[PDB]
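Taking it in order: structure first as structure tokens, then the write-up.
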Amino acid sequence: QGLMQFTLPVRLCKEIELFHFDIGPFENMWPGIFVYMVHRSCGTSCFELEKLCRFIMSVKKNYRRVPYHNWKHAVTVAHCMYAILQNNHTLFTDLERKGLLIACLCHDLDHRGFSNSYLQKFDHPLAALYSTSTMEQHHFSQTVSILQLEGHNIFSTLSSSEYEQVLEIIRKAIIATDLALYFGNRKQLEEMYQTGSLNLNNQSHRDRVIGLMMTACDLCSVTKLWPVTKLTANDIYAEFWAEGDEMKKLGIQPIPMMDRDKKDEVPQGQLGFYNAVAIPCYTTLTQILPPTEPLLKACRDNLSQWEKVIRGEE
Ligand SMILES: Cn1ncc(Cl)c1C(=O)Nc1ccc2[nH]c(-c3ccccc3)nc2c1
Ligand SMILES: [Mg+2]
Ligand SMILES: [Zn+2]
């Protein structure tokens, strides 16, 4: 280091601050974009550059060449967290700023492009090792494995205490990306917010709020400009339909979401998702963290675009 300030071209330097930033098709710039965000979000002091670069490159190696749950998704989800953190400067601890960008980079480590359900119906060994949040416990395990590689301990300077705290932020953050857990998390947050019992000094409350941030960052394709949203959907369905193909091979009719034969019903499926998951997610997030409102606004814009698709206005 340490007078070594990572800098991006002007258009990226400016647009990376915005919630709707797309990290672009130049895979080789994504490590630099991540380090830039860590340095601005956390400090040039939070990580040893050499260790951080080595960690980033081993995380990249441990993402697979799948249409959606790939390295680009990792860095995309990390950027959304970067935007939340930068818009809510004073709300987050030093350990949280460290832990959360890392959790986001690692949250789908070694994803195979298949749901927890598919692993369970296939009878994958991972489903016997982890009976709930199957892939998410795997992703946390892969994160700890990489932190334990030689020269990969980016947390080396933390005390025993702080190290256990940050790994517990990461573990909870990664488990929260199981969408099965999102519905109850958000219900409890919505009740807490409205009865005025929400207390960011209650650790168990902070945990829930970080869970919702994780869901929000994880679903952030719905908060992009429409051409990004639309082309990301294609990747999402490429996995869903491959999974449905695999369900048919086990002798199981897949849900329509995963049946490529029901392609025609995608636009209506997007409406349900926006209405049942996406919009409620960003709404409750905006209630808790008012400066995240652009995510809700962008989501609503994309809802309105899917409604136009149905009306054949596109
Ligand atoms: C955008 N996004 N981000 C993260 C995630 Cl999970 C997504 C997503 O697409 N979710 C989603 C959720 C439910 C759906 N149902 C259908 C569908 C239903 C009947 C027929 C054809 C399709 N498509 C769906 C797509
Ligand atoms: Mg995941
Ligand atoms: Zn993800």
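If you're wondering about the labels, chains in the structure tokens are A, B, ... by order shown, residues count from 1 in each chain, ligands from 1 in order shown.
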
At a cut-off of 8 Å around ligand 1, and using only C-alpha atoms and all ligand atoms, what residues come up? Please write them as a PDB file with C-alpha atoms, in the first residue's frame.
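Listing of part05.pdb after writing:
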```pdb
ATOM      1  CA  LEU A 179     -35.375 -16.318  -0.042  1.00  0.00           C
ATOM      2  CA  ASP A 218     -29.458 -10.111  -3.909  1.00  0.00           C
ATOM      3  CA  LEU A 219     -32.598  -9.141  -5.938  1.00  0.00           C
ATOM      4  CA  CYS A 220     -31.009  -5.868  -7.250  1.00  0.00           C
ATOM      5  CA  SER A 221     -31.460  -6.869 -10.970  1.00  0.00           C
ATOM      6  CA  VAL A 222     -35.079  -5.530 -10.479  1.00  0.00           C
ATOM      7  CA  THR A 229     -33.384  -5.889 -15.848  1.00  0.00           C
ATOM      8  CA  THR A 232     -30.643 -10.303 -16.539  1.00  0.00           C
ATOM      9  CA  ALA A 233     -34.110 -11.995 -16.501  1.00  0.00           C
ATOM     10  CA  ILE A 236     -32.277 -16.082 -14.449  1.00  0.00           C
ATOM     11  CA  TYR A 237     -34.654 -18.173 -16.626  1.00  0.00           C
ATOM     12  CA  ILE A 255     -43.246 -25.538 -11.297  1.00  0.00           C
ATOM     13  CA  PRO A 256     -44.139 -23.302 -14.308  1.00  0.00           C
ATOM     14  CA  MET A 257     -41.306 -20.867 -13.254  1.00  0.00           C
ATOM     15  CA  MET A 258     -38.847 -23.663 -14.266  1.00  0.00           C
ATOM     16  CA  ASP A 259     -40.813 -25.164 -17.235  1.00  0.00           C
ATOM     17  CA  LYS A 262     -44.485 -22.093 -20.117  1.00  0.00           C
ATOM     18  CA  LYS A 263     -42.146 -19.272 -21.432  1.00  0.00           C
ATOM     19  CA  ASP A 264     -45.327 -17.420 -22.577  1.00  0.00           C
ATOM     20  CA  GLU A 265     -46.328 -16.854 -18.839  1.00  0.00           C
ATOM     21  CA  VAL A 266     -42.991 -15.151 -17.841  1.00  0.00           C
ATOM     22  CA  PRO A 267     -44.406 -11.577 -17.826  1.00  0.00           C
ATOM     23  CA  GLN A 268     -47.230 -12.544 -15.399  1.00  0.00           C
ATOM     24  CA  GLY A 269     -44.686 -14.493 -13.245  1.00  0.00           C
ATOM     25  CA  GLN A 270     -42.549 -11.277 -13.069  1.00  0.00           C
ATOM     26  CA  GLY A 272     -46.194 -11.838  -8.944  1.00  0.00           C
ATOM     27  CA  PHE A 273     -42.511 -11.650  -7.992  1.00  0.00           C
TER      28      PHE A 273
END
```

**Asked** Leaving out stretch 294-305 of chain A and any residue of its chain fewer than 3 positions from it, which residues lie within 8 Å of it when counting only C-alpha atoms, given as a ChimeraX atom specification?
**Response** /A:19-20,220,222-226,229,270-271,274,278-279,282-283,286,291,308-309

**Message:** Could you pull out the helix (DSSP H, G or I) residues of stretch 177-209 of chain A, going by DSSP on the backbone, and write them as a PyMOL selection string?
**Reply:** chain A and resi 179-194+203-209

Please, could you write that set of residues out with N, CA and C atoms as an mmCIF file, in the first residue's frame?
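Saved the output as selection.cif:
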```cif
data_model
loop_
_atom_site.group_PDB
_atom_site.id
_atom_site.type_symbol
_atom_site.label_atom_id
_atom_site.label_comp_id
_atom_site.auth_asym_id
_atom_site.auth_seq_id
_atom_site.Cartn_x
_atom_site.Cartn_y
_atom_site.Cartn_z
ATOM 1 N N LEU A 179 -34.065 -17.029 0.096
ATOM 2 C CA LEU A 179 -35.375 -16.318 -0.042
ATOM 3 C C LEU A 179 -36.493 -16.989 0.811
ATOM 4 N N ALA A 180 -36.423 -18.295 1.103
ATOM 5 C CA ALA A 180 -37.451 -18.954 1.930
ATOM 6 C C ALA A 180 -37.533 -18.186 3.245
ATOM 7 N N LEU A 181 -36.436 -17.587 3.727
ATOM 8 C CA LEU A 181 -36.398 -16.956 5.079
ATOM 9 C C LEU A 181 -36.798 -15.480 4.975
ATOM 10 N N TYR A 182 -36.819 -14.932 3.781
ATOM 11 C CA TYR A 182 -37.064 -13.488 3.584
ATOM 12 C C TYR A 182 -38.485 -13.099 4.084
ATOM 13 N N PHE A 183 -39.496 -13.871 3.742
ATOM 14 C CA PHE A 183 -40.941 -13.524 3.977
ATOM 15 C C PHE A 183 -41.193 -13.242 5.455
ATOM 16 N N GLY A 184 -40.765 -14.150 6.323
ATOM 17 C CA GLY A 184 -40.912 -13.985 7.764
ATOM 18 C C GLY A 184 -40.039 -12.874 8.269
ATOM 19 N N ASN A 185 -38.837 -12.721 7.714
ATOM 20 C CA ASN A 185 -37.914 -11.674 8.195
ATOM 21 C C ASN A 185 -38.593 -10.319 7.963
ATOM 22 N N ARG A 186 -39.082 -10.123 6.757
ATOM 23 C CA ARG A 186 -39.681 -8.828 6.391
ATOM 24 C C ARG A 186 -40.987 -8.606 7.187
ATOM 25 N N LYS A 187 -41.819 -9.638 7.388
ATOM 26 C CA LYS A 187 -43.069 -9.515 8.196
ATOM 27 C C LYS A 187 -42.706 -8.979 9.574
ATOM 28 N N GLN A 188 -41.676 -9.523 10.195
ATOM 29 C CA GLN A 188 -41.321 -9.157 11.567
ATOM 30 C C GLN A 188 -40.796 -7.731 11.531
ATOM 31 N N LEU A 189 -40.022 -7.390 10.507
ATOM 32 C CA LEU A 189 -39.483 -6.023 10.389
ATOM 33 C C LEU A 189 -40.650 -5.043 10.192
ATOM 34 N N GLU A 190 -41.628 -5.420 9.397
ATOM 35 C CA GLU A 190 -42.750 -4.502 9.078
ATOM 36 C C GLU A 190 -43.531 -4.281 10.391
ATOM 37 N N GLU A 191 -43.872 -5.341 11.130
ATOM 38 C CA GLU A 191 -44.589 -5.216 12.437
ATOM 39 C C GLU A 191 -43.753 -4.372 13.386
ATOM 40 N N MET A 192 -42.453 -4.647 13.492
ATOM 41 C CA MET A 192 -41.555 -3.912 14.407
ATOM 42 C C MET A 192 -41.562 -2.431 14.048
ATOM 43 N N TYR A 193 -41.423 -2.102 12.770
ATOM 44 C CA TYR A 193 -41.321 -0.696 12.308
ATOM 45 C C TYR A 193 -42.588 0.090 12.708
ATOM 46 N N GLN A 194 -43.758 -0.524 12.512
ATOM 47 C CA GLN A 194 -45.105 0.092 12.644
ATOM 48 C C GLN A 194 -45.580 0.198 14.095
ATOM 49 N N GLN A 203 -29.209 -6.035 18.907
ATOM 50 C CA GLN A 203 -28.398 -6.829 17.957
ATOM 51 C C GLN A 203 -29.328 -7.692 17.102
ATOM 52 N N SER A 204 -30.347 -8.273 17.703
ATOM 53 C CA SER A 204 -31.300 -9.207 17.055
ATOM 54 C C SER A 204 -32.141 -8.441 16.008
ATOM 55 N N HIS A 205 -32.275 -7.132 16.203
ATOM 56 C CA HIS A 205 -32.948 -6.197 15.266
ATOM 57 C C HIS A 205 -31.973 -5.858 14.143
ATOM 58 N N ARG A 206 -30.741 -5.511 14.499
ATOM 59 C CA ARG A 206 -29.716 -5.217 13.485
ATOM 60 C C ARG A 206 -29.600 -6.400 12.533
ATOM 61 N N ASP A 207 -29.484 -7.594 13.105
ATOM 62 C CA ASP A 207 -29.441 -8.851 12.326
ATOM 63 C C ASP A 207 -30.568 -8.862 11.293
ATOM 64 N N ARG A 208 -31.797 -8.506 11.684
ATOM 65 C CA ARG A 208 -32.951 -8.629 10.766
ATOM 66 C C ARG A 208 -32.778 -7.609 9.638
ATOM 67 N N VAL A 209 -32.357 -6.418 10.022
ATOM 68 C CA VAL A 209 -32.204 -5.270 9.082
ATOM 69 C C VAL A 209 -31.122 -5.653 8.056
#
```

**Request:** Using only C-alpha atoms and all ligand atoms, determine which residues fall within 12 Å of ligand 3, then list them as number ranges by chain.
**Result:** A: 63, 68-78, 80, 103-115, 135-136, 139, 173-179, 214-221, 236

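In terms of minimum interatomic distance to ligand 2, A:134 ranks closest within A:81, A:30, A:134, A:91, counting only C-alpha atoms and all ligand atoms.
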
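Between ligand 2 and the residues A:197, A:25, A:152, A:138, the shortest atom-to-atom distance, using only C-alpha atoms and all ligand atoms, involves A:138.
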
**Prompt:** In Å, how far is it from atom CA of residue A:117 to atom CA of residue A:79?
**Reply:** 28.2 Å

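The spacing separating atom CA of residue A:281 from atom CA of residue A:88 amounts to 17.5 Å.
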
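Using only C-alpha atoms, the nearest neighbour of residue A:37 within the list A:86, A:24, A:53, A:62 is A:86.
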